[PDB]
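This document opens with one chain alone, in C-alpha cells, the form solved without the ligand.
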C-alpha cells in the first residue's frame, strides 16, 4: 500500500523460506549465504524441512547475551544448494526504538500476510513463556500462534523476528548486524 509495505514485500519475496520443525511451521529469514534465523522455541534439530525439502542442518546456535540471558534467536546454517541475497546491510548496529513498522508472515497456514504494527518500543527484559529474555521489541498488535518468525521491518531496515505475544501486544527479538559477522 506504501513504501514500508514495498520494503517488507521485497524482503519476503527473496529472503524468506517456510521452515518446518517438530514444533510447527515458521517464517524463516535468510540473512546471507546459507545462514538463516528462526525463534529458538522452534527447537531446530539435525534435519529441518525448508519449503517442504528435507535439509541437513550444518550448524545451529541459540544466541544468549554476555549475561548468559536468552535472546530467543537461533542462527541456522542450512545444507541448501542456493545462497540468500545478502541483506546484512539492512540490519541495525544498535538497540533502538522505531516508528511505523510492518510485521510480515509467510507460511502454509498464513501466506502473503502483512501487518502495520506502528510504533516499536525497545522493551528490553521480558519473561517469555517463563524464560527471562533480553533485547525484546514490543508493538501494540494482537499477534497469534503461527506468526512466530515473522519479519519486523521499517523502510530500509530489518529490525527483528516475532517470538511471542500476550493477546494485546506482540514481541520480537532484535536482529543486530554484529550477530552475522562471518
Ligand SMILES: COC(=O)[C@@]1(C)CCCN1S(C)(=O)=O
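Residue numbers count along the first chain shown, from 1.
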Next on the checklist: I need to verify one thing: averaged over C-alpha atoms only, is the B-factor higher for 146-154 or for 32-40?
Outcome noted: 146-154
Checklist outcome for this item: Comparing 23-31 with 117-125, the higher average Cα temperature factor in the PDB entry belongs to 117-125
Item to check | Member of 71, 94, 76, 103 with the greatest C-alpha B factor (per the PDB record) | outcome: 94
Next on the checklist: Among the modelled residues of this chain, does the Cα B factor of residue 49 put it in the lowest, middle or highest third?
Outcome noted: lowest
Next on the checklist: For the chain shown, is the CA B-factor of residue 167 in the lowest, middle or highest third of its modelled residues?
Outcome noted: highest
Item to check | Chain thirds of CA B-factor: placement of residue 89 | outcome: middle
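Beyond the structure shown, there is the form solved in complex with the ligand, which is absent from this document and is the topic of what follows.
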Checklist entry - Quick one: the ligand borrowed from its pose in the bound PDB entry and superimposed here by the pocket C-alphas, is it open or blocked (3 or more atoms within 2.4 Å of backbone/C-beta)? => result open
Checklist entry - Are any of the heavy atoms in residue 29 no more than 4.5 Å from a heavy atom of the ligand in the bound PDB entry? => result no
Checklist entry - Using 4.5 Å between non-hydrogen atoms, is residue 59 touching the ligand in the bound PDB entry? => result yes
Checklist entry - According to a 4.5 angstroms non-hydrogen atom cut-off, is residue 35 in contact with the ligand in the bound PDB entry? => result yes
Checklist entry - Taking the ligand in the bound PDB entry, which residues of 149-182 have any heavy atom within 4.5 Å of it? => result 179, 180, 181, 182
